[PDB]
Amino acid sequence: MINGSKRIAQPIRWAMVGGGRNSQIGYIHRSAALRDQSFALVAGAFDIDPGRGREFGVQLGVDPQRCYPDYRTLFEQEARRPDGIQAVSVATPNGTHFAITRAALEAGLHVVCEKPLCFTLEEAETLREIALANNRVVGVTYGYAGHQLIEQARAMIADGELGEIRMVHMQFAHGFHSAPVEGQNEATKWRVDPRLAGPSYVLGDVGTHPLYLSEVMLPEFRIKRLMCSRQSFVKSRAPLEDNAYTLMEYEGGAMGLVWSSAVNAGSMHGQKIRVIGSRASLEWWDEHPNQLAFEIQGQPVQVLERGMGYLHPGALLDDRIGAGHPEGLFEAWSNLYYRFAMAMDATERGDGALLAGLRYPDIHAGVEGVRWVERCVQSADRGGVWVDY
């Protein structure tokens, strides 16, 4: 159980780049980071419009003199103060993640970087080498992985409760972009611009979420080959896809399927992962994150509930209220952010034992997300043929 007791001596001194007044994702970063004394928001470069960034920073309780016009000034000016930031969350559009993360790491700061890490695998490999050389934590906000029942699924699979794993069926298929909403909505507009978004739309934007859930649940699984067929149903998005099918062969013969979509008309979110074994399946759906289907062949189907005593102990650690009270995605994000804070603090203290026991989406998860999108785009561009992973 969590009761708000501190996990580190003092909150990590913290800034955001992006996540400004009109952003989609800025708020959940702060909601999760400020919770339970993990981080303190003392500075930021909140907006591309520096005037609006400072107006908003002040409404967030930030010193107007620590609302900087850009990330370079933020890092340089904060470095001069003994109470300067120790960590920065990057919530800008995708095109700036590489440059901002690189600069933060070279400035000796820990980073939480919005997915994706960057556009290309070569950039991802460079970022990872710079993070490791500078001994910095890089969290990546695969936020759904914060839900307790993802750890339950991992533990059940590891204990052989599904038998031998045969298939991993993943989807993130919503309908919000069935129409060309780019015309009116700035957040969608930049996501269908290859200059600002990169080589893919839905593969990178939504496909990588349930992919990361499969990596938490099946940590030893390795993709041998994949093929990807992708479409721009809203023709103006071409070459960026608003729908894709990724079929994968894992080492050992298991199969993987990822359906990525922003044109699944009527779907509110539709992020699901079903892991199918020789004995049993489990299935999780992000819109109802407090339940996990557990279906042993030839037995009654079961539903596992967040907070119940029959769960693996790893799956009960982060309960903030008793079973039957619904937790949501803010709890999942809070569960990642306190781990980010413990990892950053542990790094500063040289607490190697604590570091090694902490599990969170990190630089390595970020690299794999970029690798997968790049291989999918390579297959799709060659007309949906099998490629070596």
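All residue numbers are counted from 1 along the displayed sequence.
Note to self: Can you tell me whether 227 to 235 has a higher mean C-alpha B factor than 166 to 174 in this record, or the other way round?
What the structure shows: Per the PDB record, 227 to 235.
Checklist line | Mean Cα B-factor comparison, 131 to 139 or 74 to 82, giving the higher one as deposited | finding: Comparing averages over the C-alpha atoms only gives 74 to 82.
Next item on the list: By the entry's C-alpha temperature factors, tell me which of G328, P361, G44, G350 sits highest.
Entry: Highest C-alpha B-factor among the listed residues goes to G350.
Check: In this PDB entry, which of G256, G146, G270, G183 has the top CA B-factor?
Finding: Highest C-alpha B-factor among the listed options: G183.
Next item on the list: Select lowest, middle or highest to describe the third in which the CA B-factor of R21 falls within its chain in this entry.
Entry: CA B-factor rank for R21: highest third.
Next item on the list: Determine, from the deposited record, the chain-internal third of the Cα B-factor for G57: lowest, middle or highest.
Entry: For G57, whose C-alpha B-factor we compare with every modelled residue in the chain, the answer is the middle third.
Margin query: Please place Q299 in the lowest, middle or highest third of its chain according to the CA B-factor in the PDB entry.
Written below: Tercile = middle for this residue's CA B-factor.
Check: By its CA B factor, does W285 count among the lowest, middle or highest third of the modelled residues in the chain?
Finding: Bottom third by C-alpha B-factor.
Note to self: Lowest, middle or highest third: which one holds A380 when the chain's residues are ordered by CA B-factor from the entry?
What the structure shows: It belongs to the highest third of the chain when residues are ordered by C-alpha B-factor.
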